[PDB]
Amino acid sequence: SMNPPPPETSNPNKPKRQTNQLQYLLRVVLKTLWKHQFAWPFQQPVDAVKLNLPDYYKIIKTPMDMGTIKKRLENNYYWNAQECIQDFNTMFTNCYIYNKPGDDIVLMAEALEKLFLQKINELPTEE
């Protein structure tokens, strides 16, 4: 069992805009989460081959990771901040679905999610 292609991160035909909120998501939220001690499993698409998880992509049909989110932000892929917030939420939820309560990786995701929620609380209001 193979890795899928990664999620789409750029699309020339898709309209682009920069908002205060999208800027904060890249410069504050993504940055802070990337540097967390527990970020490393979430910095790239789940590598089902290297990690020997042949059923991962049979179960998880909306994979998401911070590598992809970074690319989406820097490529102006999102029209709305809520789309990016949804990607972060998806990343955490995938981990909770695939793994069991109390697994190390779940505790890691929970700590990242708490930090995420803290930073999102300070999202600026639209310009």
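Note that residue numbering follows the sequence shown and begins at 1. The term rigid core refers to the most C-alpha atoms you can superpose between the two forms while keeping them within 1.5 Å.
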Seminar exercise, completed: Returned stretch for higher CA RMS in 8 other deposited structures of this protein, core superposition, given 115 to 123 and 9 to 17, is 9 to 17
Problem set entry | Residue stretch of maximal mean CA temperature factor, 10 to 18 vs 108 to 116 | 10 to 18
Seminar exercise, completed: For 96 to 104 versus 51 to 59, entry-based mean Cα B-factors point to 96 to 104
For this session: Could you tell me which one of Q44, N89, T32, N75 shows the highest CA temperature factor in the PDB record?
Result: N75
Seminar exercise, completed: Of the three thirds of the chain ranked by Cα temperature factor, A81 occupies the highest
For this session: Place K71 in the lowest, middle or highest third of its chain's C-alpha B-factors, as listed in the PDB entry.
Result: middle
